[PDB]
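Below are two forms of the same protein chain, given as structure tokens: structure 1, then structure 2.
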Structure 1
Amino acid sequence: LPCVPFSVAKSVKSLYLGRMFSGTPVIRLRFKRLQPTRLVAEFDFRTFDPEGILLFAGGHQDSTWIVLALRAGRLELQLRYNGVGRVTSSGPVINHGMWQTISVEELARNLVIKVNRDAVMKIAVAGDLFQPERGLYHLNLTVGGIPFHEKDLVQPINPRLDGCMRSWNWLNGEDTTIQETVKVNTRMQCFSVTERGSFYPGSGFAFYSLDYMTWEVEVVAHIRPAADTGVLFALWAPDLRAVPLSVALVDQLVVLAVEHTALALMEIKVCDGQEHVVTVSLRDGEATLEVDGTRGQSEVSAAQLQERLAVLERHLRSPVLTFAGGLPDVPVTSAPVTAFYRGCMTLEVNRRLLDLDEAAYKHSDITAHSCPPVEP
């Protein structure tokens, strides 16, 4: 039973954009209209995620459409108008975790993108988004992704967007279907309140394919845990079914280990709901563990370290997968701790922030870019 409970509160009148595994949209709308119609869409938006797709509007792949997106915290519009594609990228920072209003609108020979009623993008275009046929005017709109493979965007992108919408309005329609069905499917609702990091409910892991070759492993982990036990970071060598390196919480301690042998331990107040910074550094003839600026005592002789680091060195010459938040059901004797992490965590490895949208594999219940607060 977890020592520190997290908030489970969801807002009923929201829409979670990151729910589908693959940047498949969470809503698809198709409009038929009887007289010429100009696109208008307006929604409120909240994310910490710096990259992904907000919406798509238009016809189809090799036709004419727009896609509004995030790249590097900022809005990016992509357009295809009769075969010719284009991208602009402008305006203020978006991924600050505060609510804000975004409007997208077709106006004369321009498209106008506004943030909090400020126009931050205005682009000239030749054509309409609605496609006349038979005196019927057609448009498709998707939220939270695009209706075709991201290969074929003007400029490729990872569309997974751990972000949130509320008070949406598409074409000033009065249809209330979206609100009604979100209401009845909590999985489609967002955390009432989000703070930064990634949340691990303790049922799975993510992994990556990272090179560490002399060689080098540095990890900084920012953690706010729910439980006193769990793997934070680890390497796993599939061919030998071994765990050449792990950093983990155990019974209240952090352990840095090579296979089964602990190299260092540091005490930690896991059960107080406070954020902590765990850093680990290893290289030829060196291994160190820090928790919040203080260093843990070595658990091994100078002689045993060289033996352990040389085994780790050997291991790094072959393929290893890098795991966050847990291990793949490994032998109990492989490593000190084999349990899943429960809680909030951000990881940076050889000085690179790990984006969980970019894992080779991410268990779908891990939220990539937000954590609910600790439960009062």
Structure 2
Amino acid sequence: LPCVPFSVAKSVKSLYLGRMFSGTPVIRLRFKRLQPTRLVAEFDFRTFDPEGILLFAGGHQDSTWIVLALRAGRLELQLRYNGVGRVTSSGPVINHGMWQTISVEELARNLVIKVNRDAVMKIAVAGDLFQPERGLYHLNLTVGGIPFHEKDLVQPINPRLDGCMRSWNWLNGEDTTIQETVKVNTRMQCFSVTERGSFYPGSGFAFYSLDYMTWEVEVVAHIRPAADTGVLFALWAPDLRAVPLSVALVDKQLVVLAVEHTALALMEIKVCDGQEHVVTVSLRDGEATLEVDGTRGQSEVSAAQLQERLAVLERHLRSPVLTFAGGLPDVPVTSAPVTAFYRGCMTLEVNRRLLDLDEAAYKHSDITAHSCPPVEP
């Protein structure tokens, strides 16, 4: 039972774009109109994810379409029009964690994109998004991803977007259907309030594959825990079942840097106050240093053991290793000091490079890549 409650209260009239790690669109609309019809789409939107896909509108993969997206926190519009692709980015920073209105519309021979009812992109285009087939005009529209492969975008992008949508208007339709089905599916609603970071509810983990090559292992963890024990970071060898390295919490409340079952350092924290703690680690043959909020923890090894624990770690790093965040697979409990899943808010830099949970090989669905809920007072 958590020591710090996080205020996990969702918002019923909202739509979470980040639900599906697959990148499958969260919504797919199929339009069929009798008159020639012009694309208009308005919605309110809020995120910290700097990269992802808001919407797609058009037809076949290599026919004629648009994609509204985020890259480096700014809007980007990709068009293919008759097999000629073009990408355009401009406008203000979007991923600032505040609701704004966004809107795409076809206006004259142009595409107009606005933030807060004020235009940031006006793109010149020859021809229309709607298209004739069997005496009707057709358009497809998808949210939170595209209906084809990121490969074949004008410019590739990691479509996974931890963002929140609300007050949507797709083609001035009145179809309270998305709204209804969001009401009865809380996995489709986003936090009522978001804060920077990535949230782990303790139900699973994420993993990567990273080179650590001579070798080093620098890890910085900006943690705000909801539970006194849990694996923040860990390496793992699929074949030998071993945990060459681990960094966890335990209780009555301290951090631990370990190789295998043996702990190489310890350092206490009052984790259940709800403050951001900065857990930092460094490893390289001869050396092994665990800091916390600037203060160093003293080692549980002579030096004759340390060299012959770092020797094991470097033997493991010549083999392949999965870097894990927020947990571990089932392992012999004699293989590491702590193995339970981390609960709380965490941000990891490995080797002076920030981890993007969207860029993982695997991520449990309930982990939110770029938002944490607030702590409840």
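For residue numbers, the reference is structure 1: its sequence is counted from 1. We call the rigid core whatever largest set of C-alpha positions still superposes within 1.5 Å between the two forms.
For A126, the Cα coordinates differ by under 2 angstroms between the two structures after the core has been superposed. After superposing the rigid core, the C-alpha of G135 moves by 2 Å or more between the two structures. Once the two forms are overlaid on the core, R117 shows a Cα shift of 2.3 Å between the two structures. On rigid-core superposition between the two structures, the C-alpha of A237 is found to move 1.2 angstrom.
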